[PDB]
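Peer 1: sequence unknown, structure follows:
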Ligand SMILES: Cc1cc2nc3c(=O)[nH]c(=O)nc-3n(C[C@H](O)[C@H](O)[C@H](O)COP(=O)(O)OP(=O)(O)OC[C@H]3O[C@@H](n4cnc5c(N)ncnc54)[C@H](O)[C@@H]3O)c2cc1C
Ligand SMILES: C=C(O[C@H]1[C@H](O)[C@@H](CO)O[C@H](OP(=O)(O)OP(=O)(O)OC[C@H]2O[C@@H](n3ccc(=O)[nH]c3=O)[C@H](O)[C@@H]2O)[C@@H]1NC(C)=O)C(=O)O
C-alpha cells in the first residue's frame with residue numbers, strides 16, 4: 001500500500017495497488033486491469049520527480065522494463081534502452097563501454113524512461129541532444145508508437161509527454177544516439193576549467209559529479225525530488241528592471257530577449273536556505289531543492305513551496321513554477337495552483 005519506497009522524497013501516502021512491470025505486457029496488463037476497475041494509473045520510474053499530495057486512489061506501476069541494445073552506425077552508436085533502466089547506471093555503462101556522450105548527465109536520478117519526459121538536463125546538455133526517439137505503448141490499444149526526438153517537442157524541462165501524450169502512453173524504451181566522434185561539452189560552470197583537447201569523458205564525469213555531490217542532497221540521506229522549481233524565464237523588461245535593482249543576479253538571456261533567472265539564487269537571496277516547515281526544509285547547499293528533513297508530510301512540502309514562492313514573488317516579482325509533478329488522488333494536479 002505505501003508509496004514511500006517508490007518516491008525519492010520519501011512521502012508516505014498510499015496507493016490502491018503498486019505493481020512492478022518487468023515488461024511491456026505486464027505494464028499494459030496492470031494498466032488494463034486498473035482502468036477496467038475504474039481507477040487511475042500512474043507509471044513511475046524511480047519516483048524522483050513526483051510529490052504525492054495524498055493517497056492515490058488508483059494503481060501505481062513501477063516501470064522496470066530493462067535491457068539495452070547497441071546498434072552500430074558509421075557515425076554513431078544507437079542505444080535502445082529499456083524504460084526501467086537506471087539512468088546514472090546507463091551513463092557509467094556507456095562510459096565504461098567507450099561510448100561517451102552522456103557524461104554531463106551523470107548522476108541525475110531516475111529511470112531512462114522518464115528522461116525524455118522533462119528532457120533531463122544539466123551542465124550544458126539536455127536529453128534532446130542525444131535522444132534519437134522514444135518508444136511508448138498506447139495504453140488504450142496496446143499500440144506501440146515511436147516518436148522522433150523532434151516529435152517529442154523537447155523544451156526546458158518539457159516534452160510532449162507532459163501534454164498531448166500524458167496518460168495515453170507509457171514510455172517503454174528510449175533511443176539515444178551517441179556520436180563516435182566525441183565532443184566534450186565544457187560550457188557550463190566549472191567545466192570551463194577543462195581543456196577540450198586534454199579532457200577525457202571520465203574527467204568530465206568526475207567534474208560533473210563533483211559539482212553535483214557538493215550541491216545536491218542524496219535522496220537516501222534526505223528525500224528530495226531535486227530542483228523544486230524551474231528557473232523562470234522573464235520578459236526582457238522584467239529582467240532589465242530586476243537586474244538594475246539586483247545587478248549580480250545570475251541570468252541567461254534567451255535568443256528572443258526574454259531572460260532566464262536562477263531560481264536558486266532568488267530563493268537564496270530571500271535568506272531561505274535552511275528554512276523549514278514541518279519535516280521539510282530548503283536545502284542549504286542549493287536553495288532550489290526542498291528536502292525531506294524529518295518525516296516530512298506532503299502538506300509540509302506544499303506549504304514550504306508556497307512560502308518560498310511567495311517570498312520570491314514579493315521580493316523580485318518573479319513567480320516560481322514547480323518542476324516537481326504533484327500527484328493528487330486521481331492523478332496529476334497543477335503544482336503552481338497547489339502552492340498558490
Ligand atoms: C537529487 C535529484 C537531482 C536531480 N537532478 C536533476 C537534473 O540535474 N536535471 C534534470 O533534468 N532533472 C533532475 N532531477 C529530476 C529527476 O531526476 C528527473 O525528473 C527524472 O527524469 C525522473 O526520473 P524518474 O524515473 O524518477 O521519474 P518519476 O519521478 O518516477 O516520474 C516522473 C513523471 O514521469 C512519469 N513517468 C515516469 N516514468 C514513465 C513512463 N515510463 N511512461 C510514462 N510516464 C512516465 C510519471 O508518471 C511522472 O509524471 C533530479 C532529481 C533528484 C531527486
Ligand atoms: C537539480 C536539477 O537540475 C539542476 C541542474 O543540475 C543544474 C546544473 O546544470 O542546473 C539547474 O540548477 P541551477 O540553475 O540552480 O544550477 P546552478 O549552477 O546550481 O546555479 C545557477 C546560479 O544560481 C546560483 N545559486 C543556486 C542555488 C543557490 O542556492 N544559490 C545561488 O546563488 C549559483 O551560484 C549560480 O550562479 C538545474 N535546474 C533547473 C531547475 O533547471 C533538477 O532539475 O532537479
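Peer 2: That came through fine. Numbers count the residues shown, from 1 in each chain. Ligands and ions are numbered 1, 2, ... in the order given.

Peer 1: Report whether the strand ranked longest in the chain contacts ligand 1.
Peer 2: Using DSSP state E to assign secondary structure, the strand with the most residues in the chain is strand 169-179. Yes: against ligand 1, strand 169-179 shows contacts by C-beta under 6 Å from any ligand atom at 170, 171. Every residue, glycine included, has its C-beta placed from N, CA and C.

Peer 1: Tell me the backbone dihedrals of the closest residue to residue 111 other than its chain neighbours, please.
Peer 2: Residue nearest to residue 111 in three dimensions, not counting chain neighbours: residue 45, with 2.8 Å by C-beta to C-beta, 6 or more residues apart in numbering. Recorded main-chain torsions at residue 45 are phi -100, psi -90, according to degrees, to the nearest 10.

Peer 1: who's in contact with residue 45?
Peer 2: By C-beta atoms under 8 Å, 6 or more residues apart in numbering, the contact list for residue 45 reads 62, 63, 83, 84, 110, 111, 112, 113, 114.

Peer 1: To what extent is whatever residue of the stretch 51-200 of the chain ends up closest to ligand 2 buried, counted in neighbours?
Peer 2: Per C-beta to the nearest ligand atom, the residue of the stretch 51-200 of the chain with the smallest distance to ligand 2 is residue 122, at 3.6 Å. Other residues within reach of residue 122 by the criterion other C-beta atoms under 10 Å amount to 18.

Peer 1: now swap in residue 106 and tell me
Peer 2: The number of residues near residue 106, taken as other C-beta under 10 Å, comes to 22.

Peer 1: Which residues of the chain lie near ligand 2?
Peer 2: Within reach of ligand 2 by C-beta under 6 Å from any ligand atom, the chain has these residues: 122-123, 189, 215-216, 226-227, 230-231, 250, 262, 264-265, 268, 286-288, 323.

Peer 1: so of the residues you listed, which ones are in strands?
Peer 2: Per DSSP E, the residues of the chain next to ligand 2 map to strands at 122, 226, 227.

Peer 1: Quick check, the second one in contact with residue 289.
Peer 2: Yes: if you go by C-beta atoms under 8 Å, residue 226 and residue 289 touch, sitting 6.2 Å apart.

Peer 1: need the next SSE after the lengthiest helix in the chain, C-terminal direction.
Peer 2: With residue count as the measure and DSSP state H as the assignment, the chain has helix 298-316 as its longest helix. The element immediately downstream of helix 298-316 (helix or strand, assigned by DSSP states H and E) is strand 325-328.

Peer 1: Neighbouring strands - and their directions - for the helix or strand following that next one?
Peer 2: In the C-terminal direction, the helix or strand that comes right after strand 325-328 (DSSP H and E) is strand 331-332. For strand 331-332, sheet partners with direction are given as strand 325-328 (antiparallel), following DSSP bridges.

Peer 1: Buried ones in the strand it pairs with, by neighbour count?
Peer 2: By neighbour count on 16 or more other C-beta atoms under 10 Å, the buried set for strand 325-328 is 325, 326, 327.

Peer 1: rewinding a little: just list what the longest strand of the chain packs against, helices and strands only.
Peer 2: Other elements packing on strand 169-179 under the criterion 3 or more C-beta pairs under 8 Å, 6 or more residues apart in numbering; DSSP states H and E are helix 24-36, strand 56-63, strand 76-82, strand 131-138.

Peer 1: Let's have those in CSV, adding distance to residue 144.
Peer 2: Formatted as CSV, these follow (distance: least, C-beta to C-beta, whole Å):
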stretch, distance to residue 144
helix 24-36, 8
strand 56-63, 15
strand 76-82, 13
strand 131-138, 5
